[PDB]
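Here you get one chain, nothing else, as structure tokens; it is the form deposited in one PDB entry.
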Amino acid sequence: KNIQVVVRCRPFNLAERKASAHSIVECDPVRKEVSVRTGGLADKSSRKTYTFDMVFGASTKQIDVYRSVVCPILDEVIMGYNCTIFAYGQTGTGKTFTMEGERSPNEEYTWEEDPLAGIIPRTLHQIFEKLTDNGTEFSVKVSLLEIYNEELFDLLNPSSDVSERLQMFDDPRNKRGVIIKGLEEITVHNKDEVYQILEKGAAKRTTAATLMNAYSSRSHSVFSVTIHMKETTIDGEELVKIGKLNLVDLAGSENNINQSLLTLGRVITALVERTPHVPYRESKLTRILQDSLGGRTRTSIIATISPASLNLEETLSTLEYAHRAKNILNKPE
């Protein structure tokens, strides 16, 4: 059962406008195609065209990404499945904008209603909405694990400082599992604890950037939500569902020496080519997210691209890579 792959294109920034930049990317949601002009000046041109599961043009708002993509995934998490969403693409294209989002300028909005909010805040807010009074006891735990230069950092632990590296081990109980020694899990007791926890992440990320070269565009971040659910029947019997969601903001795809990013590409090649050895263990990212690539997790990829012709080759590289990823078959619960 194929993983889901969608492609989003960012809008032009203020610099590009003043330069009066023409888009090289046309998105057609009805067709679900992305079309890229690869040459030709105005009146005759060649293009490359790709169809994906969904396609979001440069005007798409965060709420549309949320309703289309994440909403049906979060329902699946609540049914006790595991899900993963990846953001993939060149630095500058909106991976962090999508996964996290931004604050509207000028304190116009509270966080829970900011229209520039991205997947992480919207998901956490919505979990408490969906389960207010339907008869399901639940708790919500989050962790934020990042990988930079094949080392692991905990971005939510307010006790350690970002410098301290974590150790990864195989999980004896679990064949396709790893234990991350020291990784903090924080309990989010209600929707009003959400924002302050995200803020701590952001502050730790600032320290990280100071300490490590090109940190934000070289480190992979895995933000996890675990929802432990319990229902009681009319007969007083307990029913248990556990759902885990990973929101993965990958290192920028552009080109250095990212072993996890190299390994991810090789894991996808092995999977789509049906070759029997898959090199999960050749990097920390793919050991951790093993079950998301051809395993028992439902999995989406959001491939972010740029509308500008300066970014042509890398936009092509991204769509090519996203397009073959479509052939990965996962086996959810």
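Take the two forms, superpose them, and find the largest set of C-alpha atoms that agree within 1.5 Å; that set is the rigid core. All residue numbers are counted from 1 along the displayed sequence.
Looking at the other PDB entries for this protein, residue 70 is present in the model in all of those that include the residues around it, rather than absent from a third. Where the other entries of this protein model the residues before and after it, residue 253 is kept in all of them rather than dropped from a third. Missing coordinates between residue 255 and residue 256 amount to 10 or more residues of the deposited sequence. Annotation for 102-110 versus 170-178: the higher mean temperature factor (C-alpha) is found in 170-178.
Averaged over their C-alpha atoms, the temperature factors of 136-144 and 203-211 are higher for 136-144. Highest CA B-factor among the listed residues (43, 64, 282, 291): 43. The PDB entry gives the largest Cα B-factor of the residues 126, 157, 260, 216 to 157. In this PDB entry, residue 236 carries a Cα temperature factor that places it within the highest third of its chain's modelled residues. When the modelled residues of the chain are ordered by C-alpha B-factor, residue 84 sits in the lowest third.
Placement of the Cα temperature factor of residue 227 within the chain: middle third of the modelled residues, per the deposited record.
When the CA B factors of the chain's modelled residues are split into thirds, the value for residue 162 lands in the highest one.
When the modelled residues of the chain are ordered by their C-alpha B factor, residue 29 lands in the highest third.
Separately, the form deposited in another entry exists; it is not shown, and the next lines address it.
Once the two forms are fitted on their rigid core, between this form and the one not shown the CA displacement reaches 2 Å or more only for 233 among 187, 149, 196, 233.
Residue 174: CA moves 2 Å or more between this form and the one not shown after rigid-core fitting. Relative to the superposed rigid core, residue 29 undergoes a CA displacement smaller than 2 Å between this form and the one not shown.
Core-aligned CA deviation for residue 19 between this form and the one not shown: 2 Å or greater. Note: residue 27-residue 42 Cα separation is 3 Å or more longer in the other form than here. Relative to this form, the distance between the C-alpha atoms of residue 54 and residue 42 is increased by at least 3 angstroms in the other form.
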